[PDB]
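One chain is shown next in structure tokens, namely the form solved without the ligand.
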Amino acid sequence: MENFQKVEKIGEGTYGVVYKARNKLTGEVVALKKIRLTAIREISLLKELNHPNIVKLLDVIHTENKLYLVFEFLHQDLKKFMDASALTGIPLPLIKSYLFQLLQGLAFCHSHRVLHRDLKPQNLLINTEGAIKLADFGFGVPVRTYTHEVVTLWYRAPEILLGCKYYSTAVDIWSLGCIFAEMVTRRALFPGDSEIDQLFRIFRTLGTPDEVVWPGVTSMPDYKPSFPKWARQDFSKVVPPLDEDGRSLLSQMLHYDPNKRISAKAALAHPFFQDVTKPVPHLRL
């Protein structure tokens, strides 16, 4: 750890602080995550999970009660680029390129039985090259200072909210669907501020789920017959001015039933991507 010089604190999460740092010996600039203290073996698997759309875990440094993760550094995250692009919006061909790349990254994860579990714009890092990468794949002492982030539950799949313990790769598809919608419309799709507010915002848009559209729903841990019964609203009202290929794909990423939800791999074959390209964003570092 003496091999690293802090440049600045980048931010803090629930169980770790992130710094920009310089490797005194490689010359590399890196993002360093510090966690105050199975975990070690699952991190070592993370070291082998290498893909162009996954932030490269360069090193894991266990010292006798801290764990440091050393990542490749990227300058910008999607959350801030969305904020930066709010007045004009992200051009569609860039939206589609970022969506395709995250689908590639997830296709890869998923085929190796790795779930992200917590995708959100602030976890998606971007470079000058038009690349977008998955970061902060989903123990330790809690940072007392961590300040609460409104966006926290906004990307949570409904089966998580309903108490499914043994949820699947489909939760990452749901999250990415929510991100897709938000890029298109420049508004969060389901901006809940508690778990029941998050559930009810979903129900209001997509309709309260029942056995017809989601077999087994009524038997989930936190499901209540007393949930209000909202009617589903038209998708054309939900993400204008997205074209029918886009809306068709989004609809399949947002299926209630985890088993009907489109997989990352099938999503890459969707007609929305027939004309995909790789534009480069205009970033202001």
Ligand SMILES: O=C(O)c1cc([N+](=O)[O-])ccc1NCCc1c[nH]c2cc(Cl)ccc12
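Residues carry their position along the shown sequence, with the first being 1. C-alpha atoms forming the largest set that superposes within 1.5 Å between two forms make up the rigid core.
We do not show the form solved in complex with the ligand, though everything after this point is about it.
Site status: blocked, since the ligand, placed by superposing the C-alphas around its site in the deposited bound form, has 3 or more atoms within 2.4 Å of backbone or C-beta atoms. Remark: all three candidate residues (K33, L49 and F71) come within 4.5 Å of the ligand in the deposited bound form, counting heavy atoms only.
Although the partner is absent here, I196 is not a contact residue: none of its heavy atoms lies within 4.5 angstroms of the ligand in the deposited bound form. Contact annotation for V238: none of its heavy atoms lies within 4.5 Å of the ligand in the deposited bound form. In the deposited bound form, the ligand sits within 4.5 Å of a heavy atom of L57. Residue contact with the ligand in the deposited bound form: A131 places no heavy atom within 4.5 Å of it. In the deposited bound form, the ligand lies beyond 4.5 angstroms of every heavy atom of every residue of 155-176.
Looking at CA displacements between the shown form and the other one with the core superposed, a shift of 2 Å or more is confined, among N259, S236, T26, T218, to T26.
Positional change of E149 between the shown form and the other one reaches 2 Å or more at the C-alpha, relative to the superposed core. Between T145 and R117, the Cα distance is smaller in the deposited bound form than in this structure, by no less than 3 angstroms. Between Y146 and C164, the C-alpha separation shrinks by 3 Å or more in the deposited bound form, relative to the conformation displayed.
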